[PDB]
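Below you'll find only one chain, the form deposited in one PDB entry, shown as structure tokens.
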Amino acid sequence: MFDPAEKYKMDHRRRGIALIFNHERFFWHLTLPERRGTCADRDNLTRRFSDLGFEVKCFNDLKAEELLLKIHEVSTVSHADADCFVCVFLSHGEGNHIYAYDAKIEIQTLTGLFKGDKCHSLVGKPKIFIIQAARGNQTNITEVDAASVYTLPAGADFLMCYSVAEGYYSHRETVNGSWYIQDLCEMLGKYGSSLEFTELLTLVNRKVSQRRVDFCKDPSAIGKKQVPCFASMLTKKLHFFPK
């Protein structure tokens, strides 16, 4: 019958793939600023997800064609033996788009590759996108970017996680990494293997939104609060218990 506490079956041979697309620099014609600190984010995410059982694959500064090719490749292999799929974007963005090295890519194109009829072996399984992307400004310094990327939904069993909501600001420390990724990774490390994942994301919401912007080193950044959000199309409770 109908089960109020039903969980995604996470008893497969493998947890699954976690893809990370990391962008630090951009083709000069795009006139986008470098993203110092993003490599800290990449490393942090890599440890957390690998500790959760994911097979983590990182890609640095791919051109759009290369990026599309790689994600299409992954969408077309069998995930039959996997619990789930994770995809992380660390870049600048605008509207429905995230930037690769040389051009933008639509988020809907990326998520569309993992919808039911495109990726049968992921049907009914969690498909999690984590997006750290905002408006590029055209030792440890905090850079502040206006929210620009739409907090888009996707298909059933997708979970779309965004560093920042409309009207707020994304922060990135050049040594320590992004506020959002730091707090996400801290929560993953402590609670990732026990807490329901949207419960955990809610903790991240609290952590990030409570960071004070009262007295920034850069006075221009005062009052520029960060509020993350996630859009859930999940249909069951999601845990990452040790396999």
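Numbering starts at 1 and follows the sequence shown.
Unshown form solved in complex with a partner chain; subsequent notes refer to it.
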In the bound PDB entry, the one of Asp51, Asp43, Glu65, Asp61 near the partner chain [non-hydrogen atom within 4.5 angstroms]: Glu65
Heavy atom within 4.5 Å of the partner chain in the bound PDB entry - residue from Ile128, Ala82, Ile105, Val144: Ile105
Contact of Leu113 with the partner chain in the bound PDB entry (heavy atom, 4.5 Å): yes
